[PDB]
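Only one chain is included here, represented as structure tokens and corresponding to the form solved without its partner chain.
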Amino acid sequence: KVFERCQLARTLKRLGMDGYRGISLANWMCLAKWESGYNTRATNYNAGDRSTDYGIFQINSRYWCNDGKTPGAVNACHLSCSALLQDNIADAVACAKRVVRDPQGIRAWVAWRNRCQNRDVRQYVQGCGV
């Protein structure tokens, strides 16, 4: 599924993402926008280390989900990476929350650092009723 902007903002708010571990909804929107263009079935294979990024948040298989084909990988979210390719984003949200419970927080995603950190992200939630 490719979410429209505001529908995703409300979906995320309903899932308890607004202010989760101090991360505003606008930051999560900026993250999903730059990681996948709000696309839940997005995938990116990293030929360099044999891992793959999954879903709307492009969560990596080396540490977060199990896809059975990533060397020496772990599964911190305790999910099959398949769960991160569903139209329903509940599991991807549970996993994204798990990611940010770690020291880096929202900084775990380099794209957030490149396109969201110290930027005016208000535009991502404007007019969505959130």
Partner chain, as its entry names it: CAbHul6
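Residue numbers count along the first chain shown, from 1.
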With B-factors read from the PDB entry, the higher C-alpha mean of 111 to 119 and 8 to 16 is in 111 to 119
Residue range whose averaged C-alpha B-factor is higher in the record, 88 to 96 or 40 to 48: 40 to 48
In terms of the CA temperature factor given in the entry, to which third of its chain does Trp34 belong: lowest, middle or highest? middle
By its CA B factor, does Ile23 count among the lowest, middle or highest third of the modelled residues in the chain? lowest
Should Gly55 be placed in the lowest, middle or highest third of its chain by the C-alpha B factor in the entry? lowest
Third assignment of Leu79 from its chain's C-alpha B-factors: highest
Chain-wide C-alpha B factor ranking for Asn66, given as lowest, middle or highest third: lowest
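Keep in mind the form deposited with its partner chain bound is missing from the figure; the text below concerns it.
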Considering only 88 to 119, what residues come within 4.5 Å of its partner chain in the deposited bound form, judged by heavy atoms? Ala90, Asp91, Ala94, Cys95, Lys97, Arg98, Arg101
